[PDB]
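Scroll down for the structure; my scribbles are underneath it.
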Amino acid sequence: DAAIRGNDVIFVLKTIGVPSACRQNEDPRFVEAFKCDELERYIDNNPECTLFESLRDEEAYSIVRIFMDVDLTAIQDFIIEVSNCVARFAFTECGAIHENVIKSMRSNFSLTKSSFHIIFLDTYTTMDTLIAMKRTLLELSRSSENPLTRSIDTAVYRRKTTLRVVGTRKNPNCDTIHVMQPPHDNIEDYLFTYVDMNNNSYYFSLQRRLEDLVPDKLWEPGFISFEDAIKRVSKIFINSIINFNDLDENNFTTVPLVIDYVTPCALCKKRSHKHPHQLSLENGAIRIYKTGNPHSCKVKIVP
Amino acid sequence: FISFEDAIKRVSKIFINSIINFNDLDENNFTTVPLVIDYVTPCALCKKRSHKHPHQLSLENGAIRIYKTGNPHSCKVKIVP
Amino acid sequence: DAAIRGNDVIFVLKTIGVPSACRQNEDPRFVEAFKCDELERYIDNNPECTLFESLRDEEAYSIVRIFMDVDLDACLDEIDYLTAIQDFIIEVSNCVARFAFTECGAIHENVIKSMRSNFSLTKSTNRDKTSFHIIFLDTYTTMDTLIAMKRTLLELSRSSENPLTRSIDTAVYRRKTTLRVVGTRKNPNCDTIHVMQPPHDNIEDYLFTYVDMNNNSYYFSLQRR
Ligand SMILES: Nc1ncnc2c1ncn2[C@@H]1O[C@H](COP(=O)(O)OP(=O)(O)OP(=O)(O)O)[C@@H](O)[C@H]1O
Ligand SMILES: [Zn+2]
């Protein structure tokens with residue numbers, strides 16, 4: 001909870017792929033620190049420019065706003081879905097309040113037409129939260145088939161990030177600019193390094209003092225296996241299985257299952273398959289194959 | 001073929017983690033410079049944890065093949081069409 | 001038709017880039033013709049030889065088996081290799097049967113059953129590459145049919161995504177084509193050779209110019225011409 005110290009200075013880079021030599025040395029041709037009033041004057045002075053946004057020092061200050069880049073009812077449902085998805089994490093471990101999050105994210109946003117950028121005015125968090133759930137956003141985009149969710153880019157969440165300033169072209173050769181969308185007019189409504197406190201917003205982070213050590217163990221979360229998938233595995237084998245009595249996701253792969261044969265084999269046409277069978281998981285796909293000589297049987301995949 | 005930006009976007013989508021050498025990639029030397037992945041999370045190809053070697057890309061039959069320098073059995077081969 | 005005509009003589013070139021003039025006169029030091037046992041013995045006495053398999057006269061007898069070559073510069077594990085080979089077999093059979101039903105006038109089920117019935121595979125001694133020649137034993141067609149099928153095979157290789165399917169070389173379907181005999185050196189000073197597989201132990205099953213039609217084989221050819 002920094003609270004007291006307010007971030008109004010904007011850190012701008014003037015070259016994509018800037019050499020690392022004259023970047024931390026405060027080169028006037030690559031790095032500048034401007035404010036609200038000077039930015040439009042600089043834009044007026046230089047008709048052609050390429051300006052990207054960044055942070056002063058990620059180690060010291062890493063407080064940003066939640067933003068998305070996509071490349072009326074559709075966006076109306078998209079905003080609600082995104083708010084619910086992030087509120088799930090906010091209530092998961094953040095120690096925050098879901099009601100505060102949904103109140104903060106409600107009807108307070110901006111739009112930009114070039115592929116559009118969304119920044120939430122009254123939502124402040126720390127960049128490690130953004131780096132934590134790029135995978136969650138990707139999973140949400142993949143699982144759902146919503147119009148605007150299908151093209152969400154999670155590659156923008158990284159360290160030393162860059163966000164193109166509205167009205168600044170990628171290159172002088174290109175003729176594509178960001179057209180500002182009403183009712184927002186001032187540049188301060190499109191600055192993801194801008195921080196304020198208006199006795200209505202909310203701040204959330206991991207809040208349990210982790211140094212990006214959240215992943216403790218990802219035990220292949222296909223533990224719906226209670227009777228859905230494991231019964232499918234027992235369905236492909238017509239003959240009875242004896243080790244089926246007690247199974248768990250912990251011993252899901254390590255145990256060599258031994259079955260009994262009274263009718264000829266299911267996967268192939270052989271006799272009793274003396275070497276025990278075995279199971280593996282890859283890319284969320286269940287794989288079944290025979291130990292010893294795998295060429296004496298057939299590998300079967302179950303989604 | 002497709003634009004180089006689209007292919008790079010697909011490659012960066014395949015790799016969940018970020019690339020710290022993204023700016024060095026170009027349309028003429030995208031098969032020689034090794035790629036280093038910031039290993040905060042396991043790579044999507046093979047889980048393991050925090051590989052200690054860079055990756056590389058090859059162009060064949062209109063597809064991009066991702067292969068890891070060193071022992072080939074460590075990381076699974078991936079093809080982007 | 002062919003009826004009695006069943007090829008059993010193996011025509012072989014002993015040197016890549018054979019002179020054109022020498023071939024027309026059957027030069028002994030570049031051109032030979034054996035049987036199966038004669039070829040096996042000739043390879044046995046001389047393990048340093050370099051032999052290629054090709055036809056002699058394409059205007060009189062042009063009946064060959066279906067053959068494919070796969071070469072990928074990436075090692076694979078056992079289970080992934082097995083899954084890839086199964087998918088490759090299924091997709092190749094589907095594509096070939098579709099072409100046979102569309103442009104040749106054959107029957108889809110017979111072609112696909114004949115192709116999945118018997119097939120032979122090889123392997124390379126290289127520890128970093130996956131290369132193999134696959135020959136379908138019970139399917140027969142003319143060379144021009146394969147030349148026509150080249151476009152469909154190229155389209156299938158471009159469209160697919162399996163590591164083995166993307167490595168199909170369609171350049172082998174050319175006039176006056178040659179194929180390397182298994183167990184025989186490619187370069188005079190290279191130790192990389194091909195090896196057989198446990199299901200098949202005879203060389204007769206590894207040559208695409210050997211024709212012997214039993215009751216389980218299928219034959220088809222182009223009908224538009
Ligand atoms: N480390 C990285 N830094 C920046 N972009 C990266 C990185 N890794 C992968 N990428 C991808 O490369 C793409 C190239 O960025 P670029 O600025 O050209 O995109 P754009 O579609 O024009 O975006 P915008 O809508 O923000 O103007 C990014 O959109 C992103 O998907
Ligand atoms: Zn890996």
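Letters A, B, ... go to the chains of the structure tokens in the order shown; residues in each chain start at 1; ligands are counted from 1 in the same order.
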
Pull out every residue of chain C that has at least one atom within 8 Å of chain A, counting only C-alpha atoms, and report them as a PyMOL selection string.
chain C and resi 78-79+82-83

Take the residues just selected and output them with N, CA, C and O atoms as a short mmCIF file (atom, residue, chain, number, x, y, z; two decimals), in the first residue's frame.
```cif
data_model
loop_
_atom_site.label_atom_id
_atom_site.label_comp_id
_atom_site.auth_asym_id
_atom_site.auth_seq_id
_atom_site.Cartn_x
_atom_site.Cartn_y
_atom_site.Cartn_z
N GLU C 78 10.11 -43.81 -28.20
CA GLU C 78 9.46 -44.99 -28.76
C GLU C 78 7.96 -44.79 -28.94
O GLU C 78 7.41 -45.06 -30.02
N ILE C 79 7.28 -44.29 -27.90
CA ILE C 79 5.83 -44.21 -27.94
C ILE C 79 5.37 -43.14 -28.92
O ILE C 79 4.40 -43.32 -29.67
N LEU C 82 5.72 -44.55 -32.35
CA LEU C 82 4.65 -45.49 -32.67
C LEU C 82 3.35 -44.76 -33.01
O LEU C 82 2.67 -45.10 -33.99
N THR C 83 3.00 -43.75 -32.22
CA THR C 83 1.79 -42.98 -32.51
C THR C 83 1.90 -42.28 -33.86
O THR C 83 0.94 -42.28 -34.65
#
```

Write out as a list in words which residues come within 10 Å of residue 126 of chain C when counting only C-alpha atoms, dropping same-chain ones fewer than 6 positions away.
residues 75, 191, 192, 193 and 194 of chain C

Would you mind listing what lies within 9 Å of segment 11-14 of chain B as a PyMOL selection string, with only C-alpha atoms counted and same-chain residues fewer than 3 positions away left out?
(chain A and resi 153-155) or (chain B and resi 6-8+17-19+44-45+64+66+78+80)

Hey, which residues come within 8 Å of ligand 1 if we count only C-alpha atoms and all ligand atoms? Could you give them as a PDB file with N, CA, C and O atoms, in the first residue's frame?
```pdb
ATOM      1  N   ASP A  69      -5.297  -5.921 -24.727  1.00  0.00           N
ATOM      2  CA  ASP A  69      -5.219  -5.551 -26.133  1.00  0.00           C
ATOM      3  C   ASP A  69      -5.853  -6.697 -26.908  1.00  0.00           C
ATOM      4  O   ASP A  69      -5.498  -7.860 -26.695  1.00  0.00           O
ATOM      5  N   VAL A  70      -6.786  -6.373 -27.801  1.00  0.00           N
ATOM      6  CA  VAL A  70      -7.531  -7.374 -28.557  1.00  0.00           C
ATOM      7  C   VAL A  70      -7.236  -7.178 -30.037  1.00  0.00           C
ATOM      8  O   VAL A  70      -7.492  -6.102 -30.590  1.00  0.00           O
ATOM      9  N   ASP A  71      -6.708  -8.217 -30.680  1.00  0.00           N
ATOM     10  CA  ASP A  71      -6.491  -8.193 -32.124  1.00  0.00           C
ATOM     11  C   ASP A  71      -6.504  -9.606 -32.697  1.00  0.00           C
ATOM     12  O   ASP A  71      -5.837 -10.501 -32.180  1.00  0.00           O
ATOM     13  N   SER A 114      -8.083   1.434 -33.964  1.00  0.00           N
ATOM     14  CA  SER A 114      -6.875   1.578 -34.768  1.00  0.00           C
ATOM     15  C   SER A 114      -7.172   2.290 -36.082  1.00  0.00           C
ATOM     16  O   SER A 114      -8.087   1.911 -36.813  1.00  0.00           O
ATOM     17  N   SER A 115      -8.577  -4.913 -33.001  1.00  0.00           N
ATOM     18  CA  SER A 115      -7.338  -4.349 -32.478  1.00  0.00           C
ATOM     19  C   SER A 115      -7.613  -3.097 -31.654  1.00  0.00           C
ATOM     20  O   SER A 115      -7.351  -1.979 -32.097  1.00  0.00           O
ATOM     21  N   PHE A 116      -8.142  -3.294 -30.450  1.00  0.00           N
ATOM     22  CA  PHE A 116      -8.487  -2.202 -29.552  1.00  0.00           C
ATOM     23  C   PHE A 116      -7.886  -2.450 -28.175  1.00  0.00           C
ATOM     24  O   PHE A 116      -7.692  -3.595 -27.757  1.00  0.00           O
ATOM     25  N   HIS A 117      -7.586  -1.355 -27.481  1.00  0.00           N
ATOM     26  CA  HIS A 117      -6.944  -1.389 -26.174  1.00  0.00           C
ATOM     27  C   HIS A 117      -7.943  -0.971 -25.104  1.00  0.00           C
ATOM     28  O   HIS A 117      -8.636   0.040 -25.258  1.00  0.00           O
ATOM     29  N   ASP A 153      -4.402 -11.297 -26.597  1.00  0.00           N
ATOM     30  CA  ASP A 153      -2.962 -11.523 -26.659  1.00  0.00           C
ATOM     31  C   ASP A 153      -2.388 -11.423 -25.251  1.00  0.00           C
ATOM     32  O   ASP A 153      -2.419 -10.353 -24.634  1.00  0.00           O
ATOM     33  N   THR A 154      -1.870 -12.537 -24.744  1.00  0.00           N
ATOM     34  CA  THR A 154      -1.247 -12.579 -23.428  1.00  0.00           C
ATOM     35  C   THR A 154       0.249 -12.293 -23.472  1.00  0.00           C
ATOM     36  O   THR A 154       0.886 -12.241 -22.414  1.00  0.00           O
ATOM     37  N   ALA A 155       0.822 -12.101 -24.661  1.00  0.00           N
ATOM     38  CA  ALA A 155       2.247 -11.825 -24.777  1.00  0.00           C
ATOM     39  C   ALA A 155       2.620 -10.421 -24.322  1.00  0.00           C
ATOM     40  O   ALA A 155       3.811 -10.140 -24.154  1.00  0.00           O
ATOM     41  N   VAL A 156       1.640  -9.537 -24.124  1.00  0.00           N
ATOM     42  CA  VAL A 156       1.941  -8.184 -23.671  1.00  0.00           C
ATOM     43  C   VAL A 156       2.358  -8.157 -22.204  1.00  0.00           C
ATOM     44  O   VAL A 156       3.050  -7.222 -21.779  1.00  0.00           O
ATOM     45  N   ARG A 158       4.705  -8.980 -19.491  1.00  0.00           N
ATOM     46  CA  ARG A 158       6.104  -9.375 -19.376  1.00  0.00           C
ATOM     47  C   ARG A 158       6.815  -8.343 -18.508  1.00  0.00           C
ATOM     48  O   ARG A 158       6.182  -7.450 -17.933  1.00  0.00           O
ATOM     49  N   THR A 161       7.751  -3.985 -20.082  1.00  0.00           N
ATOM     50  CA  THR A 161       6.720  -3.988 -21.108  1.00  0.00           C
ATOM     51  C   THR A 161       6.675  -2.650 -21.839  1.00  0.00           C
ATOM     52  O   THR A 161       7.183  -1.630 -21.366  1.00  0.00           O
ATOM     53  N   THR A 162       6.052  -2.668 -23.016  1.00  0.00           N
ATOM     54  CA  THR A 162       5.861  -1.473 -23.824  1.00  0.00           C
ATOM     55  C   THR A 162       4.416  -1.409 -24.289  1.00  0.00           C
ATOM     56  O   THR A 162       3.877  -2.401 -24.791  1.00  0.00           O
ATOM     57  N   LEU A 163       3.792  -0.245 -24.121  1.00  0.00           N
ATOM     58  CA  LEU A 163       2.439   0.007 -24.600  1.00  0.00           C
ATOM     59  C   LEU A 163       2.470   1.255 -25.468  1.00  0.00           C
ATOM     60  O   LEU A 163       2.895   2.321 -25.010  1.00  0.00           O
ATOM     61  N   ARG A 164       2.025   1.121 -26.716  1.00  0.00           N
ATOM     62  CA  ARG A 164       2.087   2.230 -27.657  1.00  0.00           C
ATOM     63  C   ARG A 164       1.162   3.360 -27.218  1.00  0.00           C
ATOM     64  O   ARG A 164       0.009   3.127 -26.846  1.00  0.00           O
ATOM     65  N   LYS A 170       3.684   3.463 -35.151  1.00  0.00           N
ATOM     66  CA  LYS A 170       4.726   2.463 -34.938  1.00  0.00           C
ATOM     67  C   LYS A 170       6.001   2.831 -35.683  1.00  0.00           C
ATOM     68  O   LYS A 170       7.107   2.705 -35.143  1.00  0.00           O
TER      69      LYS A 170
ATOM     70  N   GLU B   5       5.444 -11.357 -38.881  1.00  0.00           N
ATOM     71  CA  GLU B   5       4.856 -10.989 -37.598  1.00  0.00           C
ATOM     72  C   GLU B   5       3.870 -12.046 -37.120  1.00  0.00           C
ATOM     73  O   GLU B   5       3.845 -12.389 -35.933  1.00  0.00           O
ATOM     74  N   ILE B   8       5.829 -15.108 -35.891  1.00  0.00           N
ATOM     75  CA  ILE B   8       6.432 -14.833 -34.591  1.00  0.00           C
ATOM     76  C   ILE B   8       5.368 -14.825 -33.500  1.00  0.00           C
ATOM     77  O   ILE B   8       5.606 -15.294 -32.381  1.00  0.00           O
ATOM     78  N   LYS B   9       4.180 -14.299 -33.805  1.00  0.00           N
ATOM     79  CA  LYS B   9       3.092 -14.312 -32.832  1.00  0.00           C
ATOM     80  C   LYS B   9       2.675 -15.736 -32.491  1.00  0.00           C
ATOM     81  O   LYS B   9       2.449 -16.060 -31.321  1.00  0.00           O
ATOM     82  N   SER B  12       5.425 -17.254 -30.277  1.00  0.00           N
ATOM     83  CA  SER B  12       5.318 -16.731 -28.920  1.00  0.00           C
ATOM     84  C   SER B  12       4.061 -17.217 -28.212  1.00  0.00           C
ATOM     85  O   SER B  12       4.023 -17.223 -26.978  1.00  0.00           O
ATOM     86  N   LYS B  13       3.026 -17.598 -28.961  1.00  0.00           N
ATOM     87  CA  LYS B  13       1.846 -18.195 -28.350  1.00  0.00           C
ATOM     88  C   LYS B  13       2.116 -19.629 -27.912  1.00  0.00           C
ATOM     89  O   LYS B  13       1.613 -20.069 -26.872  1.00  0.00           O
ATOM     90  N   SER B  18       7.798 -15.831 -21.646  1.00  0.00           N
ATOM     91  CA  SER B  18       8.232 -14.759 -22.526  1.00  0.00           C
ATOM     92  C   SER B  18       9.617 -15.055 -23.097  1.00  0.00           C
ATOM     93  O   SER B  18      10.318 -15.974 -22.667  1.00  0.00           O
ATOM     94  N   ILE B  19      10.007 -14.253 -24.084  1.00  0.00           N
ATOM     95  CA  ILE B  19      11.311 -14.357 -24.731  1.00  0.00           C
ATOM     96  C   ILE B  19      12.067 -13.065 -24.459  1.00  0.00           C
ATOM     97  O   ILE B  19      11.574 -11.974 -24.776  1.00  0.00           O
ATOM     98  N   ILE B  20      13.262 -13.183 -23.874  1.00  0.00           N
ATOM     99  CA  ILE B  20      14.063 -12.001 -23.567  1.00  0.00           C
ATOM    100  C   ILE B  20      14.894 -11.528 -24.747  1.00  0.00           C
ATOM    101  O   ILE B  20      15.523 -10.466 -24.661  1.00  0.00           O
ATOM    102  N   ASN B  21      14.916 -12.283 -25.845  1.00  0.00           N
ATOM    103  CA  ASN B  21      15.648 -11.913 -27.049  1.00  0.00           C
ATOM    104  C   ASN B  21      14.708 -11.639 -28.220  1.00  0.00           C
ATOM    105  O   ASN B  21      15.073 -11.843 -29.380  1.00  0.00           O
ATOM    106  N   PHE B  22      13.489 -11.183 -27.922  1.00  0.00           N
ATOM    107  CA  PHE B  22      12.498 -10.951 -28.969  1.00  0.00           C
ATOM    108  C   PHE B  22      12.927  -9.835 -29.914  1.00  0.00           C
ATOM    109  O   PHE B  22      12.714  -9.928 -31.128  1.00  0.00           O
ATOM    110  N   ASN B  23      13.526  -8.769 -29.376  1.00  0.00           N
ATOM    111  CA  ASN B  23      13.893  -7.630 -30.209  1.00  0.00           C
ATOM    112  C   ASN B  23      14.991  -7.981 -31.206  1.00  0.00           C
ATOM    113  O   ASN B  23      15.072  -7.366 -32.276  1.00  0.00           O
TER     114      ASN B  23
END
```

Which residues are near ligand 2 - at most 7 Å, using only C-alpha atoms and all ligand atoms? Format: as a list in words.
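Counting only C-alpha atoms and all ligand atoms, the residues within 7 Å of ligand 2 come out as residues 43, 44, 45, 46, 47, 48, 51, 74, 75 and 76 of chain B.
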
Restricting it to N, CA and C atoms, dump the selection as a PDB file, in the first residue's frame.
```
ATOM      1  N   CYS B  43       8.038 -25.030 -19.358  1.00  0.00           N
ATOM      2  CA  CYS B  43       7.700 -24.843 -20.762  1.00  0.00           C
ATOM      3  C   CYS B  43       6.603 -25.819 -21.179  1.00  0.00           C
ATOM      4  N   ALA B  44       5.774 -25.379 -22.129  1.00  0.00           N
ATOM      5  CA  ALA B  44       4.587 -26.145 -22.495  1.00  0.00           C
ATOM      6  C   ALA B  44       4.937 -27.455 -23.192  1.00  0.00           C
ATOM      7  N   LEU B  45       6.058 -27.500 -23.913  1.00  0.00           N
ATOM      8  CA  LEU B  45       6.433 -28.712 -24.635  1.00  0.00           C
ATOM      9  C   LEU B  45       6.690 -29.867 -23.672  1.00  0.00           C
ATOM     10  N   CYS B  46       7.711 -29.736 -22.828  1.00  0.00           N
ATOM     11  CA  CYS B  46       7.993 -30.694 -21.769  1.00  0.00           C
ATOM     12  C   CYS B  46       7.939 -29.965 -20.435  1.00  0.00           C
ATOM     13  N   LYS B  47       7.270 -30.564 -19.452  1.00  0.00           N
ATOM     14  CA  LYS B  47       7.071 -29.850 -18.196  1.00  0.00           C
ATOM     15  C   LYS B  47       8.408 -29.575 -17.518  1.00  0.00           C
ATOM     16  N   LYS B  48       9.053 -30.629 -17.009  1.00  0.00           N
ATOM     17  CA  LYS B  48      10.334 -30.565 -16.308  1.00  0.00           C
ATOM     18  C   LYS B  48      10.350 -29.305 -15.433  1.00  0.00           C
ATOM     19  N   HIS B  51      14.632 -25.418 -18.087  1.00  0.00           N
ATOM     20  CA  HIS B  51      15.700 -25.905 -18.956  1.00  0.00           C
ATOM     21  C   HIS B  51      16.905 -24.972 -18.910  1.00  0.00           C
ATOM     22  N   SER B  74      15.193 -34.363 -24.232  1.00  0.00           N
ATOM     23  CA  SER B  74      14.723 -33.564 -23.103  1.00  0.00           C
ATOM     24  C   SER B  74      13.406 -32.866 -23.420  1.00  0.00           C
ATOM     25  N   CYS B  75      13.310 -32.237 -24.590  1.00  0.00           N
ATOM     26  CA  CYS B  75      12.149 -31.442 -24.962  1.00  0.00           C
ATOM     27  C   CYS B  75      11.503 -32.017 -26.213  1.00  0.00           C
ATOM     28  N   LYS B  76      10.174 -32.099 -26.196  1.00  0.00           N
ATOM     29  CA  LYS B  76       9.433 -32.636 -27.328  1.00  0.00           C
ATOM     30  C   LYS B  76       9.500 -31.684 -28.518  1.00  0.00           C
TER      31      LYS B  76
END
```

Report as a compact mmCIF listing (two decimals) with N, CA and C atoms, in the first residue's frame all protein, DNA and RNA residues lying within 10 Å of residue 205 of chain C, evaluated on only C-alpha atoms, omitting residues in the same chain fewer than 3 positions from it.
```txt
# COMPACT_ATOMS: atom_id res chain seq x y z
N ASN C 118 -0.34 -55.52 -45.28
CA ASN C 118 1.09 -55.75 -45.13
C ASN C 118 1.86 -54.51 -45.54
N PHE C 119 2.85 -54.13 -44.74
CA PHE C 119 3.76 -53.06 -45.09
C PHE C 119 5.08 -53.29 -44.36
N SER C 120 6.17 -52.92 -45.03
CA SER C 120 7.52 -53.14 -44.52
C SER C 120 8.19 -51.80 -44.23
N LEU C 121 9.01 -51.78 -43.19
CA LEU C 121 9.70 -50.57 -42.74
C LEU C 121 11.18 -50.86 -42.55
N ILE C 135 7.30 -49.76 -48.01
CA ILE C 135 6.83 -50.40 -49.24
C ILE C 135 5.58 -51.20 -48.92
N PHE C 136 4.52 -50.97 -49.68
CA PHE C 136 3.26 -51.69 -49.50
C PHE C 136 3.27 -52.92 -50.40
N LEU C 137 3.18 -54.10 -49.79
CA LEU C 137 3.47 -55.34 -50.49
C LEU C 137 2.35 -55.79 -51.42
N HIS C 200 9.76 -58.84 -40.97
CA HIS C 200 10.19 -59.31 -42.29
C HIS C 200 11.68 -59.63 -42.27
N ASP C 201 12.04 -60.81 -42.75
CA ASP C 201 13.42 -61.28 -42.73
C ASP C 201 14.00 -61.53 -44.11
N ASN C 202 13.25 -61.30 -45.18
CA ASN C 202 13.70 -61.58 -46.53
C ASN C 202 13.83 -60.28 -47.33
N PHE C 208 10.77 -52.70 -54.55
CA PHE C 208 9.52 -52.21 -55.11
C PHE C 208 9.30 -52.63 -56.56
N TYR C 210 9.61 -55.87 -57.44
CA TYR C 210 9.28 -57.29 -57.35
C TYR C 210 7.76 -57.43 -57.34
```

Can you pull out every residue from segment 43-195 of chain C that DSSP, working from the backbone, puts in strand (DSSP E or B), and format the result as an MDAnalysis selection string?
chainID C and resid 52:53 63:72 119:120 123:124 130:142 168 179:180 194:195

Write the residues of the selection above to a file with C-alpha atoms, as a JSON list (two decimals), in the first residue's frame.
```json
[["chain", "number", "residue", "atom", "x", "y", "z"],
["C", 52, "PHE", "CA", 20.52, -48.83, -56.31],
["C", 53, "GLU", "CA", 17.25, -50.35, -57.53],
["C", 63, "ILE", "CA", 4.14, -52.33, -62.79],
["C", 64, "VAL", "CA", 5.63, -51.37, -59.41],
["C", 65, "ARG", "CA", 4.67, -51.43, -55.75],
["C", 66, "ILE", "CA", 3.74, -48.35, -53.74],
["C", 67, "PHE", "CA", 6.77, -46.90, -51.96],
["C", 68, "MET", "CA", 7.52, -43.85, -49.84],
["C", 69, "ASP", "CA", 10.58, -42.29, -48.22],
["C", 70, "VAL", "CA", 10.51, -40.33, -44.95],
["C", 71, "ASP", "CA", 13.49, -38.37, -43.59],
["C", 72, "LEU", "CA", 13.30, -36.10, -40.53],
["C", 119, "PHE", "CA", 3.76, -53.06, -45.09],
["C", 120, "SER", "CA", 7.52, -53.14, -44.52],
["C", 123, "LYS", "CA", 15.61, -47.89, -40.00],
["C", 124, "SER", "CA", 18.81, -45.85, -40.08],
["C", 130, "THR", "CA", 14.47, -40.68, -38.33],
["C", 131, "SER", "CA", 14.62, -42.03, -41.88],
["C", 132, "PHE", "CA", 12.79, -45.00, -43.37],
["C", 133, "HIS", "CA", 11.48, -46.42, -46.63],
["C", 134, "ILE", "CA", 7.99, -47.95, -46.55],
["C", 135, "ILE", "CA", 6.83, -50.40, -49.24],
["C", 136, "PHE", "CA", 3.26, -51.69, -49.50],
["C", 137, "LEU", "CA", 3.47, -55.34, -50.49],
["C", 138, "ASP", "CA", -0.05, -56.12, -51.78],
["C", 139, "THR", "CA", -0.87, -52.95, -53.76],
["C", 140, "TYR", "CA", 0.13, -52.55, -57.41],
["C", 141, "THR", "CA", -0.06, -49.64, -59.84],
["C", 142, "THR", "CA", 1.77, -48.13, -62.79],
["C", 168, "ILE", "CA", 7.43, -37.11, -47.35],
["C", 179, "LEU", "CA", 16.00, -46.47, -54.67],
["C", 180, "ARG", "CA", 18.79, -47.60, -52.35],
["C", 194, "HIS", "CA", 19.61, -49.18, -43.58],
["C", 195, "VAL", "CA", 18.42, -52.14, -41.50]]
```

When you get a sec, could you note down which chain A residues fall within 10 Å of chain B, using only C-alpha atoms, as a ChimeraX atom specification?
/A:16-19,131-132,134-135,138,153-160,212-213,215,218,282-283

Selection to disk with N, CA, C and O atoms, as a short mmCIF file (atom, residue, chain, number, x, y, z; two decimals), in the first residue's frame:
```
data_model
loop_
_atom_site.label_atom_id
_atom_site.label_comp_id
_atom_site.auth_asym_id
_atom_site.auth_seq_id
_atom_site.Cartn_x
_atom_site.Cartn_y
_atom_site.Cartn_z
N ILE A 16 11.90 1.17 -30.83
CA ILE A 16 11.69 -0.26 -30.64
C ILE A 16 13.00 -1.00 -30.87
O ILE A 16 13.77 -0.68 -31.78
N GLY A 17 13.27 -1.99 -30.02
CA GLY A 17 14.54 -2.68 -30.08
C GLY A 17 15.72 -1.78 -29.80
O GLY A 17 16.75 -1.87 -30.48
N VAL A 18 15.59 -0.90 -28.81
CA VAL A 18 16.67 0.04 -28.49
C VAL A 18 17.88 -0.74 -27.99
O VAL A 18 17.72 -1.74 -27.26
N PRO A 19 19.10 -0.37 -28.38
CA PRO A 19 20.28 -1.06 -27.83
C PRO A 19 20.35 -0.91 -26.32
O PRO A 19 20.04 0.15 -25.77
N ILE A 131 1.68 -10.92 -14.48
CA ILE A 131 2.52 -12.00 -14.98
C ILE A 131 2.05 -13.36 -14.49
O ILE A 131 2.38 -14.39 -15.09
N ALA A 132 1.27 -13.40 -13.40
CA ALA A 132 0.83 -14.68 -12.86
C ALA A 132 -0.26 -15.32 -13.72
O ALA A 132 -0.21 -16.52 -13.98
N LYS A 134 -1.32 -14.74 -17.04
CA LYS A 134 -1.38 -14.81 -18.49
C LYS A 134 -1.92 -16.17 -18.93
O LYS A 134 -2.70 -16.26 -19.89
N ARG A 135 -1.53 -17.23 -18.22
CA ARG A 135 -2.01 -18.57 -18.55
C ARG A 135 -3.50 -18.72 -18.26
O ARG A 135 -4.21 -19.40 -19.01
N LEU A 138 -5.27 -17.06 -21.07
CA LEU A 138 -5.18 -17.90 -22.27
C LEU A 138 -6.14 -19.08 -22.19
O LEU A 138 -6.78 -19.44 -23.18
N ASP A 153 -4.40 -11.30 -26.60
CA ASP A 153 -2.96 -11.52 -26.66
C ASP A 153 -2.39 -11.42 -25.25
O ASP A 153 -2.42 -10.35 -24.63
N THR A 154 -1.87 -12.54 -24.74
CA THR A 154 -1.25 -12.58 -23.43
C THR A 154 0.25 -12.29 -23.47
O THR A 154 0.89 -12.24 -22.41
N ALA A 155 0.82 -12.10 -24.66
CA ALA A 155 2.25 -11.83 -24.78
C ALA A 155 2.62 -10.42 -24.32
O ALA A 155 3.81 -10.14 -24.15
N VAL A 156 1.64 -9.54 -24.12
CA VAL A 156 1.94 -8.18 -23.67
C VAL A 156 2.36 -8.16 -22.20
O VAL A 156 3.05 -7.22 -21.78
N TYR A 157 1.98 -9.17 -21.42
CA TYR A 157 2.35 -9.23 -20.01
C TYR A 157 3.75 -9.81 -19.90
O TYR A 157 3.97 -11.00 -20.17
N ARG A 158 4.71 -8.98 -19.49
CA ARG A 158 6.10 -9.38 -19.38
C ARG A 158 6.81 -8.34 -18.51
O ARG A 158 6.18 -7.45 -17.93
N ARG A 159 8.13 -8.47 -18.41
CA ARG A 159 8.96 -7.48 -17.74
C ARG A 159 9.49 -6.48 -18.76
O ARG A 159 9.77 -6.84 -19.91
N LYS A 160 9.63 -5.22 -18.33
CA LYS A 160 10.01 -4.12 -19.22
C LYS A 160 9.04 -4.02 -20.40
O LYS A 160 9.44 -3.97 -21.56
N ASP A 212 7.16 -14.37 -6.50
CA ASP A 212 6.81 -15.17 -7.68
C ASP A 212 7.02 -16.66 -7.41
O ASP A 212 7.47 -17.41 -8.28
N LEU A 213 6.68 -17.08 -6.19
CA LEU A 213 6.79 -18.48 -5.78
C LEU A 213 5.43 -19.14 -5.64
O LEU A 213 5.30 -20.12 -4.89
N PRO A 215 3.71 -21.06 -7.82
CA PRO A 215 3.56 -22.46 -8.25
C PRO A 215 4.30 -23.41 -7.32
O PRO A 215 5.53 -23.50 -7.35
N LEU A 218 1.95 -28.57 -9.55
CA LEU A 218 0.87 -28.73 -10.52
C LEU A 218 0.72 -30.23 -10.78
O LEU A 218 1.34 -30.78 -11.69
N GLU A 282 0.00 -36.68 -21.30
CA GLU A 282 0.77 -35.72 -22.08
C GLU A 282 -0.17 -34.77 -22.80
O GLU A 282 -1.05 -35.20 -23.55
N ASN A 283 0.05 -33.46 -22.59
CA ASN A 283 -0.75 -32.41 -23.21
C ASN A 283 -2.24 -32.59 -22.91
O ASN A 283 -3.10 -32.37 -23.76
#
```
